[PDB]
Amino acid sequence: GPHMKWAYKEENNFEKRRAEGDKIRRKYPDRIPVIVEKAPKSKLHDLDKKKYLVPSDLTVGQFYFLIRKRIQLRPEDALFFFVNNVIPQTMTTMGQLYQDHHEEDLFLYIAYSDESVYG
C-alpha cells in the first residue's frame, strides 16, 4: 500500500485521537468511524472531509460506490482502497474491517488511490 502521512495523525497525537475515539464509540455505537485520506501524489480529487460514520453492514463494494460519488469518479475509473496497508475484498463489511483492523485510537483508517501498487 501507499506510504501515508495521515493529516489526522499529523494534527492530533495519539492521546487526543484515542480520546476522540472513546467519545465516538460511546456516542455512536451503531456506527463504524473511519478516517479517509488520499494517497500522496494521487491525481484523484480530494475529499472535503476525512471523518465519516458508516453502517456496520455496509460492504467495501458499497463503500466504493459512495466514495466514487464524493470524488466525482465514474464506474469505469480506477479506484483502490488500502486498509492495514493492503487491498480489502469487496464483500467484506465495514464492521468486519473495523473488528480486525481498527487502530489503537479506535478508528478504522482507509486510504484511497487511483493506483493499486506501491513501492
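Position 1 is the first residue in the sequence shown; the rest follow in order.
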**Message:** Quick check on residue 94: across the other compared entries (only those modelling residues on both sides), is it unmodelled in a third or more?
**Reply:** no
**Message:** Taking the other PDB entries of this protein that cover both neighbours, check whether residue 74 lacks coordinates in at least a third of them.
**Reply:** yes
**Request:** Look up the CA B-factors in the entry and say which stretch, 49 to 57 or 22 to 30, has the higher mean.
**Result:** 22 to 30
**Asked** Should the higher mean CA B-factor in the entry be assigned to 6 to 14 or to 102 to 110?
**Response** 6 to 14
**Residue with highest C-alpha B-factor in the PDB entry, from 36, 83, 94, 73** = 73
**Asked** When the modelled residues of the chain are sorted by Cα temperature factor, does residue 78 land in the lowest, middle or highest third?
**Response** highest
